[PDB]
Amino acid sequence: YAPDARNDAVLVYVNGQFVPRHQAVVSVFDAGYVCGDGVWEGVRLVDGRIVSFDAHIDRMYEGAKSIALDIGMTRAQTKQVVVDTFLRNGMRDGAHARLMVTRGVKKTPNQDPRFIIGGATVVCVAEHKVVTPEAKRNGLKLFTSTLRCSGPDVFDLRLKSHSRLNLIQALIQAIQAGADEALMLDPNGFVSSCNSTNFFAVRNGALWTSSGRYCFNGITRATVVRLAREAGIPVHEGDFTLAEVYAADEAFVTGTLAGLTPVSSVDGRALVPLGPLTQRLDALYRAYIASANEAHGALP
């Protein structure tokens, strides 16, 4: 994400006030800081539209619901927080907002979610975040961590939460292998996802990606699958192995921030970055997020 001096003077939304980023703060009694106890969303602003905005806010509401966290706001109010954060920083384009809603402040740090004073802590950081396509062109080195995605009875990886050491530990190992991102296997040993992005492989003209049973169900992921199906591109959504990845023609990772990022290697096995099907899906994706489809909520 290619740097920008405007990032240094962005205003941050904190419980209704707009604060210089150097002074944007939360209490050391906040459930987020203490316990990792909240949910969050990343949404990208493209030519005056927030990409998949309503989808992201639905997901936030579902994730909060799953950990019995009261956002303290209607869907409309939650969206206006994001809209006002972009507006306050004069952003219409090339911008990314992180919306963080943590459970709130506690009289004393504990795990019990009932003992909360006020309501949810709401933070929105909006920044200038444009991927310089030298990063697109070279792509990512992936290493398959020894650390596994969890089953939902242990920790549901569909939740976009403030408790992220599970993923960070996978990343640390991949970095120590000389890589940029971690590929993770599911509890059965099949390819699941990456530590911060979803994972796709390309094999004989077809797009392969996990079931999503044991990883984050990214909106970029679901859009890319949808565009592929709509374009008549065969999709295999289900169980595949490292052997199938190693013999793949192409691969890429997805997320709101980078979009489609090519993979140049997995476990040291080279893949041509920006193969022909990655390019085709990339074209479809960028067309979709830059279009007047109102899945992309219009900025006031």
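Start at 1 with the first residue shown and count on from there.
Going by the average Cα B-factor in the PDB entry, point out whether 224 to 232 or 151 to 159 comes out higher.
Of 151 to 159 and 224 to 232, the stretch with the higher C-alpha B-factor average is 224 to 232.
Looking at the deposited entry, does 268 to 276 or 32 to 40 carry the larger mean Cα B-factor?
Per the deposited B-factors, the answer is 268 to 276.
For the listed residues 213, 203, 141, 75, which one has the largest C-alpha B-factor as given in the deposited model?
75 has the highest C-alpha B-factor of those listed.
From 218, 104, 94, 187, which pick has the Cα B-factor that tops the rest in the entry?
The record points to 94.
Comparing residue 47 with the other modelled residues of its chain, is its CA B-factor in the lowest, middle or highest third?
Answer is highest: the recorded C-alpha B-factor places it there.
Residue 171 CA temperature factor, ranked by third within the chain:
For residue 171, the deposited C-alpha B-factor lands in the lowest third.
Among the modelled residues of this chain, does the Cα B factor of residue 88 put it in the lowest, middle or highest third?
For residue 88, whose C-alpha B-factor we compare with every modelled residue in the chain, the answer is the highest third.
Taking the values exactly as deposited, rank residue 250 by C-alpha B-factor within its chain and report the matching third: lowest, middle or highest.
Within its chain, residue 250 is a lowest-third residue by C-alpha B-factor, going by the deposited values.
By the record's CA B-factor, is residue 121 among the lowest, middle or highest third of residues in the chain?
Its C-alpha B-factor belongs to the middle third of this chain's values.
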